[PDB]
file input.cif (mmCIF, C-alpha atoms)
data_target
loop_
_atom_site.group_PDB
_atom_site.id
_atom_site.type_symbol
_atom_site.label_atom_id
_atom_site.label_comp_id
_atom_site.auth_asym_id
_atom_site.auth_seq_id
_atom_site.Cartn_x
_atom_site.Cartn_y
_atom_site.Cartn_z
ATOM 1 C CA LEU A 265 34.702 8.827 -23.853
ATOM 2 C CA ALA A 266 31.973 8.300 -26.453
ATOM 3 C CA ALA A 267 32.711 11.806 -27.714
ATOM 4 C CA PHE A 268 36.470 11.266 -27.984
ATOM 5 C CA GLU A 269 36.710 7.609 -29.086
ATOM 6 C CA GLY A 270 33.961 8.356 -31.600
ATOM 7 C CA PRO A 271 35.153 9.438 -35.044
ATOM 8 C CA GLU A 272 35.195 12.970 -36.464
ATOM 9 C CA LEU A 273 31.821 14.602 -36.690
ATOM 10 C CA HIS A 274 30.637 14.880 -40.303
ATOM 11 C CA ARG A 275 31.944 11.496 -41.483
ATOM 12 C CA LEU A 276 29.244 9.345 -39.871
ATOM 13 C CA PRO A 277 26.789 8.136 -42.549
ATOM 14 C CA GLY A 278 23.112 8.850 -43.210
ATOM 15 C CA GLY A 279 20.222 7.664 -45.342
ATOM 16 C CA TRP A 280 18.831 4.378 -44.024
ATOM 17 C CA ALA A 281 21.415 3.918 -41.245
ATOM 18 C CA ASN A 282 20.016 6.803 -39.150
ATOM 19 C CA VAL A 283 16.580 5.239 -38.553
ATOM 20 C CA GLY A 284 17.808 3.033 -35.708
ATOM 21 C CA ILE A 285 18.458 5.922 -33.335
ATOM 22 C CA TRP A 286 15.014 7.299 -34.252
ATOM 23 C CA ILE A 287 13.147 4.106 -33.344
ATOM 24 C CA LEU A 288 15.316 3.446 -30.276
ATOM 25 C CA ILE A 289 14.726 6.982 -28.972
ATOM 26 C CA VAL A 290 10.987 6.599 -29.606
ATOM 27 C CA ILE A 291 11.046 3.278 -27.725
ATOM 28 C CA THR A 292 12.944 4.685 -24.736
ATOM 29 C CA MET A 293 10.661 7.746 -24.516
ATOM 30 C CA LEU A 294 7.535 5.561 -24.797
ATOM 31 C CA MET A 295 8.744 3.055 -22.204
ATOM 32 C CA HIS A 296 9.935 5.749 -19.782
ATOM 33 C CA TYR A 297 6.632 7.619 -20.095
ATOM 34 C CA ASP A 298 4.658 4.412 -19.523
ATOM 35 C CA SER A 299 6.799 3.543 -16.489
ATOM 36 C CA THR A 300 6.456 7.007 -14.935
ATOM 37 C CA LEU A 301 2.705 7.144 -15.612
ATOM 38 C CA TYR A 302 2.111 3.678 -14.151
ATOM 39 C CA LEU A 303 4.252 4.558 -11.127
ATOM 40 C CA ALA A 304 2.517 7.902 -10.526
ATOM 41 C CA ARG A 305 -1.119 6.953 -11.212
ATOM 42 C CA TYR A 306 -1.285 4.821 -8.035
ATOM 43 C CA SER A 307 0.774 6.747 -5.468
ATOM 44 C CA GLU A 308 -1.101 9.209 -3.256
ATOM 45 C CA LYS A 309 1.917 11.356 -2.375
ATOM 46 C CA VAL A 310 5.103 11.977 -4.358
ATOM 47 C CA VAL A 311 6.537 8.468 -3.819
ATOM 48 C CA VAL A 312 4.042 6.527 -1.661
ATOM 49 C CA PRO A 313 2.732 3.552 -3.688
ATOM 50 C CA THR A 314 -0.470 1.854 -2.540
ATOM 51 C CA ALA A 315 -0.609 -1.242 -4.759
ATOM 52 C CA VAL A 316 2.031 -3.034 -6.850
ATOM 53 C CA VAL A 317 2.439 -1.872 -10.450
ATOM 54 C CA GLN A 318 2.625 -4.800 -12.887
ATOM 55 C CA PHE A 319 1.456 -3.148 -16.110
ATOM 56 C CA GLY A 320 3.184 -1.991 -19.271
ATOM 57 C CA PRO A 321 6.985 -2.168 -19.156
ATOM 58 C CA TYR A 322 6.733 -3.512 -15.594
ATOM 59 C CA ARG A 323 5.605 -6.795 -17.109
ATOM 60 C CA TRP A 324 8.832 -6.902 -19.165
ATOM 61 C CA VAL A 325 11.315 -5.628 -16.561
ATOM 62 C CA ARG A 326 11.434 -4.818 -12.841
ATOM 63 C CA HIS A 327 12.969 -1.324 -13.241
ATOM 64 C CA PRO A 328 11.908 0.329 -16.509
ATOM 65 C CA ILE A 329 12.638 3.958 -15.547
ATOM 66 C CA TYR A 330 16.297 3.166 -14.889
ATOM 67 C CA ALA A 331 16.526 0.982 -17.995
ATOM 68 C CA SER A 332 15.002 3.788 -20.082
ATOM 69 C CA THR A 333 17.595 6.245 -18.795
ATOM 70 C CA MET A 334 20.095 3.473 -19.598
ATOM 71 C CA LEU A 335 18.670 3.164 -23.110
ATOM 72 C CA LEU A 336 18.878 6.885 -23.886
ATOM 73 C CA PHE A 337 22.471 6.719 -22.623
ATOM 74 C CA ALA A 338 23.004 3.919 -25.153
ATOM 75 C CA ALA A 339 21.130 5.983 -27.760
ATOM 76 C CA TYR A 340 23.510 8.937 -27.453
ATOM 77 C CA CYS A 341 26.484 6.556 -27.452
ATOM 78 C CA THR A 342 25.165 4.652 -30.490
ATOM 79 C CA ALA A 343 24.368 7.827 -32.439
ATOM 80 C CA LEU A 344 28.140 8.442 -32.415
ATOM 81 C CA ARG A 345 28.904 4.728 -32.971
ATOM 82 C CA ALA A 346 31.211 4.011 -30.011
ATOM 83 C CA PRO A 347 30.735 0.567 -28.416
ATOM 84 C CA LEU A 348 33.407 0.699 -25.679
ATOM 85 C CA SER A 349 32.038 3.839 -24.028
ATOM 86 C CA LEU A 350 28.571 2.293 -24.237
ATOM 87 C CA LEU A 351 29.990 -0.727 -22.397
ATOM 88 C CA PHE A 352 31.635 1.378 -19.671
ATOM 89 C CA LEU A 353 28.447 3.440 -19.309
ATOM 90 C CA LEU A 354 26.568 0.143 -19.007
ATOM 91 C CA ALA A 355 28.997 -1.076 -16.337
ATOM 92 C CA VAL A 356 28.810 2.018 -14.124
ATOM 93 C CA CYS A 357 25.044 2.470 -14.515
ATOM 94 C CA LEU A 358 24.527 -1.254 -13.866
ATOM 95 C CA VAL A 359 26.572 -1.009 -10.656
ATOM 96 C CA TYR A 360 24.820 2.048 -9.228
ATOM 97 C CA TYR A 361 21.323 1.232 -10.503
ATOM 98 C CA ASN A 362 21.680 -2.337 -9.219
ATOM 99 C CA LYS A 363 22.733 -1.082 -5.779
ATOM 100 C CA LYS A 364 19.820 1.359 -5.624
ATOM 101 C CA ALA A 365 17.432 -1.244 -7.064
ATOM 102 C CA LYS A 366 18.526 -3.695 -4.363
ATOM 103 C CA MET A 367 17.742 -1.256 -1.557
ATOM 104 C CA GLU A 368 14.412 -0.252 -3.098
ATOM 105 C CA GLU A 369 13.501 -3.886 -3.851
ATOM 106 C CA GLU A 370 14.167 -4.968 -0.270
ATOM 107 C CA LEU A 371 12.165 -1.949 0.934
ATOM 108 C CA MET A 372 9.058 -2.866 -1.065
ATOM 109 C CA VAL A 373 9.551 -6.559 -0.215
ATOM 110 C CA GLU A 374 9.476 -5.629 3.478
ATOM 111 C CA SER A 375 6.620 -3.146 3.039
ATOM 112 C CA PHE A 376 4.249 -5.080 0.743
ATOM 113 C CA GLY A 377 4.808 -8.664 1.884
ATOM 114 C CA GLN A 378 3.896 -11.382 -0.593
ATOM 115 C CA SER A 379 2.623 -9.072 -3.349
ATOM 116 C CA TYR A 380 5.951 -7.740 -4.603
ATOM 117 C CA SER A 381 7.445 -11.204 -4.055
ATOM 118 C CA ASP A 382 5.023 -12.791 -6.526
ATOM 119 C CA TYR A 383 5.472 -9.793 -8.837
ATOM 120 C CA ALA A 384 9.236 -10.400 -8.835
ATOM 121 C CA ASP A 385 8.643 -14.115 -9.388
ATOM 122 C CA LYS A 386 6.541 -13.209 -12.438
ATOM 123 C CA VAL A 387 9.312 -11.011 -13.919
ATOM 124 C CA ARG A 388 12.876 -11.611 -12.711
ATOM 125 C CA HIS A 389 14.829 -9.516 -15.230
ATOM 126 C CA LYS A 390 15.744 -6.339 -13.373
ATOM 127 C CA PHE A 391 17.233 -4.033 -16.033
ATOM 128 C CA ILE A 392 17.509 -5.709 -19.457
ATOM 129 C CA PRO A 393 14.818 -8.064 -20.865
ATOM 130 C CA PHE A 394 16.107 -11.650 -20.378
ATOM 131 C CA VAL A 395 19.666 -10.346 -19.953
ATOM 132 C CA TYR A 396 19.752 -8.882 -16.408
ATOM 133 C CA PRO B 806 -39.046 15.810 47.297
ATOM 134 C CA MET B 807 -38.957 12.385 45.634
ATOM 135 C CA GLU B 808 -36.023 13.051 43.290
ATOM 136 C CA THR B 809 -32.712 11.270 43.919
ATOM 137 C CA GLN B 810 -29.564 11.996 41.839
ATOM 138 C CA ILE B 811 -29.576 11.884 38.028
ATOM 139 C CA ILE B 812 -27.494 11.031 35.050
ATOM 140 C CA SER B 813 -24.048 10.615 36.659
ATOM 141 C CA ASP B 814 -20.888 12.065 38.092
ATOM 142 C CA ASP B 815 -18.987 10.199 35.338
ATOM 143 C CA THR B 816 -20.455 11.663 32.145
ATOM 144 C CA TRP B 817 -19.890 15.049 33.769
ATOM 145 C CA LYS B 818 -16.228 14.016 33.837
ATOM 146 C CA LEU B 819 -16.570 13.064 30.153
ATOM 147 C CA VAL B 820 -18.032 16.426 29.134
ATOM 148 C CA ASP B 821 -15.407 18.151 31.306
ATOM 149 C CA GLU B 822 -12.727 16.182 29.435
ATOM 150 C CA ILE B 823 -14.227 17.279 26.106
ATOM 151 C CA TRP B 824 -14.386 20.893 27.325
ATOM 152 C CA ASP B 825 -10.773 20.792 28.532
ATOM 153 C CA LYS B 826 -9.551 19.139 25.315
ATOM 154 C CA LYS B 827 -11.213 21.747 23.107
ATOM 155 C CA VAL B 828 -10.050 24.574 25.401
ATOM 156 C CA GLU B 829 -6.418 23.423 25.218
ATOM 157 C CA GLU B 830 -6.644 22.983 21.437
ATOM 158 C CA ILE B 831 -8.043 26.515 21.064
ATOM 159 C CA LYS B 832 -5.397 27.928 23.427
ATOM 160 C CA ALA B 833 -2.584 26.180 21.542
ATOM 161 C CA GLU B 834 -3.891 27.127 18.091
ATOM 162 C CA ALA B 835 -4.228 30.788 19.140
ATOM 163 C CA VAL B 836 -0.456 31.106 19.729
ATOM 164 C CA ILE B 837 1.362 28.882 17.203
ATOM 165 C CA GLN B 838 -1.116 29.409 14.364
ATOM 166 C CA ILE B 839 1.298 31.180 11.966
ATOM 167 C CA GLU B 840 4.880 29.965 11.473
ATOM 168 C CA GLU B 841 5.566 29.997 7.724
ATOM 169 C CA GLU B 842 9.195 30.119 6.592
ATOM 170 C CA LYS B 843 9.369 29.172 2.877
ATOM 171 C CA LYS B 844 7.614 27.094 0.203
ATOM 172 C CA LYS B 845 10.052 26.032 -2.519
ATOM 173 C CA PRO B 846 8.757 23.758 -5.305
ATOM 174 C CA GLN B 847 10.629 20.455 -5.555
ATOM 175 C CA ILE B 848 10.908 20.637 -9.349
ATOM 176 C CA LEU B 849 14.144 18.623 -9.006
ATOM 177 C CA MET B 850 12.825 15.596 -7.109
ATOM 178 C CA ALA B 851 16.048 13.612 -7.322
ATOM 179 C CA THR B 852 14.677 10.283 -6.062
ATOM 180 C CA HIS B 853 12.824 9.796 -9.359
ATOM 181 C CA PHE B 854 15.972 9.603 -11.526
ATOM 182 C CA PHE B 855 19.201 10.146 -9.582
#
call {"tool": "encode", "arguments": {"input": "input.cif", "output": "C-alpha cells"}}
result
Amino acid sequence: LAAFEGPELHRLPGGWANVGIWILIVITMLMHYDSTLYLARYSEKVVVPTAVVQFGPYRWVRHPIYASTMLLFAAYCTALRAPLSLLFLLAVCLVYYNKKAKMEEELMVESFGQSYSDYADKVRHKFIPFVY
Amino acid sequence: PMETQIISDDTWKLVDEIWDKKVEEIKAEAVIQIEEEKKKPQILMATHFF
C-alpha cells in the first residue's frame, strides 16, 4: 500500500530532504544492534536470560528490537512519503507485537519475580518513547 | 583369635551400590552410544524477530 499510494518513482525530491531517512535508518540500526547485543551478552543459551537487561535502548523502551523493526518499516514507508500505509503498518505491527510482548512480559514477570516488575516500573513505554 | 568383625555390612552395600550404578551406566552407554540423525543450523531463529 505504501508502494501504490506513494507517487510515481522519480518525482520524489532530493538535496536536503533525503537526510531524514539516512539519520532515521542509522538510528534504527544502532538501536536494534544495541538491543540485540544487550539481550545476547547475558543469555547462556539462545534465549535463556540470566539477569534483567536495563541498559541502552532498554532504558528508553521495554521492547527495542520490535520498535526498531517498526522503525525500519516506517523508514521504508517514509522514504516513499506515504503516511496512511505507515499508519496501517503501525496498527498491525502494534497489534501483533503488543500481543507477543504481553505473553513475553508475563513470562518474565513470572520467571524473574520482582526484578522485571521494578524494571517495568522504571520504564513503562513498551514500543514508542512516551507514546506507547 | 581376638579379631571381631570390621568396618561394616553397610558400607559394603554402599560400594556395591556404586559398583552397580557404574556397571549399569557402562552397560547402557555401550548400546545407545551412537544415534545421530541430523544437525541443521538454526540460522533462521524465528523467535528473535517473527
call {"tool": "closest_residue", "arguments": {"input": "input.cif", "among": "A:364, A:390, A:326, A:305", "to": "chain B", "atoms": "only C-alpha atoms"}}
result
A:364
call {"tool": "resolve_selection", "arguments": {"input": "input.cif", "expression": "the PyMOL selection byres ((chain A and resi 267-282) around 8)", "output": "list in words"}}
result
residues 265, 266, 283, 284, 285, 286, 344, 345, 346 and 349 of chain A
call {"tool": "resolve_selection", "arguments": {"input": "input.cif", "expression": "the PyMOL selection byres ((chain B) within 10 of (chain A))", "output": "ChimeraX atom specification"}}
result
/B:850,852-855
call {"tool": "atom_distance", "arguments": {"input": "input.cif", "atom1": "CA of residue 833 in chain B", "atom2": "CA of residue 846 in chain B"}}
result
29.2 Å
call {"tool": "axis_aligned_box", "arguments": {"input": "input.cif", "around": "range 334-351 of chain A", "padding_each_side": "8 Å", "output": "AutoDock Vina command-line options"}}
result
--center_x 26.0 --center_y 4.1 --center_z -26.3 --size_x 30.7 --size_y 25.7 --size_z 29.4
call {"tool": "resolve_selection", "arguments": {"input": "input.cif", "expression": "the PyMOL selection byres ((chain A and resi 389) around 12)", "output": "tab-separated table (two decimals) with C-alpha atoms, keeping the file's coordinate frame"}}
result
chain	number	residue	atom	x	y	z
A	321	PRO	CA	6.98	-2.17	-19.16
A	322	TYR	CA	6.73	-3.51	-15.59
A	323	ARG	CA	5.60	-6.80	-17.11
A	324	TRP	CA	8.83	-6.90	-19.16
A	325	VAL	CA	11.32	-5.63	-16.56
A	326	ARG	CA	11.43	-4.82	-12.84
A	327	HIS	CA	12.97	-1.32	-13.24
A	328	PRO	CA	11.91	0.33	-16.51
A	331	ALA	CA	16.53	0.98	-18.00
A	362	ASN	CA	21.68	-2.34	-9.22
A	365	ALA	CA	17.43	-1.24	-7.06
A	383	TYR	CA	5.47	-9.79	-8.84
A	384	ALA	CA	9.24	-10.40	-8.84
A	385	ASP	CA	8.64	-14.12	-9.39
A	386	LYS	CA	6.54	-13.21	-12.44
A	387	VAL	CA	9.31	-11.01	-13.92
A	388	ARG	CA	12.88	-11.61	-12.71
A	390	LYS	CA	15.74	-6.34	-13.37
A	391	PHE	CA	17.23	-4.03	-16.03
A	392	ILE	CA	17.51	-5.71	-19.46
A	393	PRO	CA	14.82	-8.06	-20.86
A	394	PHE	CA	16.11	-11.65	-20.38
A	395	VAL	CA	19.67	-10.35	-19.95
A	396	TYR	CA	19.75	-8.88	-16.41
call {"tool": "atom_distance", "arguments": {"input": "input.cif", "atom1": "CA of residue 291 in chain A", "atom2": "CA of residue 332 in chain A"}}
result
8.6 Å
call {"tool": "closest_residue", "arguments": {"input": "input.cif", "among": "A:334, A:301, A:374, A:287", "to": "residue 358 in chain A", "atoms": "only C-alpha atoms"}}
result
A:334
call {"tool": "atom_distance", "arguments": {"input": "input.cif", "atom1": "CA of residue 835 in chain B", "atom2": "CA of residue 821 in chain B"}}
result
20.8 Å
call {"tool": "closest_residue", "arguments": {"input": "input.cif", "among": "A:359, A:313, A:380, A:353", "to": "residue 336 in chain A", "atoms": "all atoms listed in the file"}}
result
A:353
